[PDB]
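Alright, here's a single protein chain in two forms, structure 1 and structure 2, each given by itself as C-alpha cells.
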Structure 1
C-alpha cells in the first residue's frame, strides 16, 4: 500500500459511518415498486435496508407495513389475505392489522384475546407519483412528525436550480415530481453491496467498460481516455436543510478536462465525439444524469439495499409529455431505442464491473486497502457527505430473510435454480 494514495488514514476516518452502512442508510425514501406492479387490491412483499415490507393498494391508495406478523414472524405477503378495505391479515392464525396505523385490530381465531390493540406492526409512509411508488423506510421508533418530504431524498430540480447549477449546453432535466413527467424503466436485483454499485453509477472515468457498447459505435462517438479534475472545486457539495443532500459535478466545464493520450502506452485519441451530460448524486444514493440519452430526457438510478450483499438497481428515464402523442412517442422510442441500446446496451456492462469489485470489499478488506487516486475525489466526496448527512445506519436483519445467509431454505431455493431476489414469491 502506497503513501501516494488519496485515501490516507485521515481521509478514511472522515467516512467511517459510510464504511459502517453495509445494510444501507435507514430513515430515507426509496423507490419500492412501479405503479404497474401494484394494481387495485394487489399485495406485494419486498425488502429494503433489511426491512421486510408489504404493500397493498386499496381504493387507489397504497399502504406499506412491515412484512412480519407479530405472532410468529410469518411474512404476510406470502399469501395475501385481506378481509376488509382497511386491513391485512396473516394467513396463518389471522392476526389482523390496520393498514393506516398498523395496529393489531383483531385476531380471526380469537377476537377477544387481551393482546388485541395493545401493539401492532410498523408503518412506512408512502408517496406515489407519476408511475413511481416511494416508501419511507424507517426505524421502528422514528416519529411520524419527523418524516421529511420526498423531495429531500430526490435529485436537485431544474429549472428551480438552474441558476445554482448553470447548464448552458442543454435544456433543463425534468423531475419525477414534475407535472406530466413520464417514467419508463426497470429495476433488477444486483449481486453485491449497494455502495459499490452506487459509486459505479457516477464514476467519471471507466471508458474501457463502455468502449465496445453498440450505442457508442452506432452514434460514431469517440470517447476520451478519461476525465480528470483540474481544480479543488470540481464538485459542489450542497448541505442546506431544506433540500437534497448531495454533490453536483461540474462536467463539461473547465473543472473537468478530458484525457486524450497516454504516452507510456502509446495511446492517443483524436476527433472526440460524444454527448453533453452531467451527473450528480444525493442521499440516500440517487444518481441523476442530465441530458441522457437525449435532450429533455434524463436518467435516474437507485441502488436500494435489500441485505448487506444484495441491492435493487433501478434505471428510469423521465420525459415530460404534455399530450397523448408525446407519451406514445416516448413509449415507442423507449421500447425500440432507449431500453435496448441504453438501459441495457450501455448499462449492462456496469453490472459486470460492479460484481467484479465485491469480493475485495465484503469482508472489509477493500474499505481499508483500496488505493484511491486523484479522480477518486468524486466517490470520496460522496462518502464524506453521506457519512455526515444520512438519517441513520440500518442495523443487520434479525429474525427476517437475509439475517442468516446459509439456511437450508436458501439452499433449497438455490438447488431449484432461484437466485437471491427482491419481490417475495407468493404461494
Structure 2
C-alpha cells in the first residue's frame, strides 16, 4: 500500500458512517415498483434496506406496510389475503391490519383478543408519479411529521437549477416529477453490496469499460478513455436544507479534461459525433446523466439496498411527452434503440464491472486497502457527503429473509435454480 494513494488515513476517517452503511441509508425515499407491477387489488412483497415491505393498490391508491405479521413473523405478501378495501390480513392465523395506520384492528377468529388495537405493523409513505411507485423506507420510530418531500431524495431539477448548474451545451433534463414526463426502463437484482454498485456510475475513469460497446462505434461517438480533474472545485457539493443533498460534476468545462488517447499503449478515440452529458449523484444514491443518450432525454439510476450484499438496480430514461404522438415516438425509440443499445449493451458492461469489485470489499478489506488516485475525487467526495447527510444507517436484518445467509431454505431455492432476488414469490 503506497503513500501516494488519495485515500489516506485522514481522508478515510471522513467517511466512516458510509463504511458502516452496508445495509443502506434508512429514512430515505426509494423506488419500489413500476406502476405496471401493481394493478388494482394486487399485492406485492419486496425488501429494501433489509426491511420487508408489502404493497397493495386499493381504489387506485397504493399502501405500504412492513411485510411481517407481528404474530409469528410470516410475510403477509406470500399468500395475499384481504377481506376488505381498508385492510390486509395474515393468511395464517388471521391477524388483520389497517392499510392506512398499520394498526391491528382484529383477528379473523379471535375478534376479542386483548392484543387487538394495542399494536400494529410499521407503515411506509408512498408517492406514485409518472409510472413509478416510491416508498419512504424508514425506521419503526421515525415520525410521520418528519417525512420529507420526495424531491429531497431525487436529483437536482432543471430548469429550476439551470442558473446554479449552467448547461450551455444542452437543453434541460426533465425530472420524474415533471408533468407529462414519461419513464421507460427496468430494475433487476444486482449481486453485491449497493455502495460498490453506486460508485461506478459517476466515476470518470471507469468509462474505459465502454471502449468496445456497439453503440459507441455505431454512433461514432467521441467517448474519451477517461476524464481528469483539473481543479479542486471540479465538483460542486450541495447541502442546502430545502432540496437534495449531493454533488454535481462540472463535466464539459475546463474542470474536467478529456483523455482521448494514449500513444504509448496504442489507444486513440476515433470519432466525430460529439457526445455531451453530465453526471451528478444525490442521497440515498441516485445518479443523473443529463443529455443521455440524446437531447431532451435523461438517464437515472438507483442502487437500492435489499440486504447487505444484494441491491435492486434501476435504470430508466425520461422524456417529457405532452401528446399521444410524442409518447409513441419515445416508446418506439426506446424499443428499437435505447433499450437494446443503451440500457442493454452499454450499461451491461457496468453490471459485471460492479460485480467484479465486490469480493474486495465485502469482508472489509477494500474499504481499507484500496489504493485510490486522482480520478477518485468523485467517489471520495460522494462518500463524505453521504456520511454527513444520510438520515440514518439501516441496522442488519433480524428475524427476516436475509438476516441469515445460509439457511436450508436458501439452499433449497438455490438447488431449484432460483437466484437471490427482490420480489417475493407467492403461493
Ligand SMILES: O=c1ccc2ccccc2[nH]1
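Take the two forms, superpose them, and find the largest set of C-alpha atoms that agree within 1.5 Å; that set is the rigid core. Numbering follows the first chain given and starts at 1.
Asker: Between the first and the second structure, which is the form solved in complex with this ligand?
Answerer: Answer to the question: structure 2 is the form solved in complex with this ligand, whereas structure 1 comes from elsewhere.
Asker: Would you mind telling me which residue of 108, 115, 337, 267 shifts its Cα by 2 Å or more between structures 1 and 2 when the core is superposed?
Answerer: The answer here is 267.
Asker: On a rigid core superposition, how far has the CA of residue 206 moved between structures 1 and 2, in Å, if you could check?
Answerer: A shift of 2.1 Å.
Asker: Cα of residue 220: shift between structures 1 and 2 in Å, core-fitted?
Answerer: It moves 1.3 Å at the C-alpha.
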